[PDB]
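Residue numbers (PDB author numbering): 238 to 444. We put the beta carbon where it would ideally sit given N, CA and C, even for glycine. Scroll down for the structure; my scribbles are underneath it.
Here's what the structure looks like:
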């Protein structure tokens with residue numbers, strides 16, 4: 238009977254028109270609905286604006302209950318503590334979790350792009366690489382774009398810790414070789430709190 242607490246999507250905290258939320262999940266292998274209750278707290282003060290969904294059966298036959306707490310962009314970025322406490326109805330025993338933005342001087346990402354490797358120029362689909370390093374905290378969003386429109390066909394690694402305490406990750410965008418050959422510009426878009434206006438972009442095209 239275990240509880241998970243997830244931070245907001247990094248993009249949501251960095252763009253004020255987005256709706257960042259923290260997410261509390263209860264996973265339970267037992268059919269018996271124990272009628273879980275959530276208490277939420279921001280820096281130890283209970284709040285009441287969480288939206289909790291009904292118990293649902295998962296594909297693996299376990300049961301999960303999801304509770305979402307809307308958060309203020311600055312509240313997350315200023316290191317406020319989000320506490321999820323879970324109770325079965327009228328039974329005082331409880332499990333809690335706490336998360337918060339990691340502490341430490343924010344550091345700006347450095348962004349590198351790489352064209353496809355030439356022994357890949359024999360394939361129908363080629364890869365573009367965006368390497369991002371030197372950043373703190375780990376909270377970051379990496380996306381791609383071309384001709385002012387999003388590219389969805391990318392995979393991004395989990396953040397890895399370098400030995401100076403800053404993080405790094407790599408994204409790879411897979412596109413049809415014809416698109417790369419026709420001279421289209423592909424932008425790696427990087428969103429991090431330590432970047433000016435939380436955004437920078439590096440661009441890649443054939444010459």
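Nearest-angstrom Cβ-Cβ length linking residue i and residue j, presumed shorter than 8 Å
i           : j           : result
residue 444 : residue 436 : 26 Å between Cβ atoms; not a contact.
residue 314 : residue 250 : 6 Å
residue 376 : residue 257 : Wrong, their Cβ atoms sit about 11 Å apart, outside the cutoff.
residue 263 : residue 273 : 5 Å
residue 360 : residue 395 : Residue 360 to residue 395, Cβ: 26 Å. No contact.
Pair within 9 Å by beta-carbon distance, residue i and residue j
i           : j           : result
residue 403 : residue 422 : no
residue 319 : residue 332 : no
residue 302 : residue 259 : no
residue 380 : residue 428 : yes
residue 368 : residue 407 : yes
residue 340 : residue 321 : no
residue 416 : residue 440 : no
residue 270 : residue 292 : yes
residue 412 : residue 390 : yes
heavy atom of the ligand HEM below 8 Å from residue i C-beta
i           : result
residue 423 : For the ligand HEM, the structure offers nothing, since it holds no ligand at all.
Delimiting residues of the beta strand (DSSP E) encompassing residue i
i           : result
residue 242 : 239 to 243
residue 437 : 437 to 441
residue 265 : 258 to 265
residue 254 : No beta strand (DSSP E) holds residue 254; DSSP gives it neither H nor E.
residue 292 : Element bounds for residue 292: n/a, residue is neither H nor E.
residue 306 : 300 to 307
residue 325 : 319 to 325
residue 283 : 282 to 284
residue 274 : 273 to 279
residue 427 : 423 to 428
Residue i, buried or exposed, once every other Cβ within 10 Å from all chains shown has been counted against 16
i           : result
residue 253 : exposed
residue 338 : buried
residue 349 : exposed
residue 358 : exposed
residue 239 : exposed
residue 365 : buried
residue 330 : exposed
residue 372 : buried
residue 267 : exposed
residue 388 : buried
residue 195 : One cannot answer for residue 195 here, as it falls past the ends of the chain, which runs 238 to 444.
residue 398 : exposed
residue 282 : exposed
Where the alpha helix (DSSP H) containing residue i begins and where it ends
i           : result
residue 311 : 310 to 314
Beta strand (DSSP E) segments (min. 3 residues) lying fully within the stretch 329 to 415: Runs found: 347 to 351, 362 to 372, 378 to 383, 386 to 388, 391 to 393 and 404 to 413.
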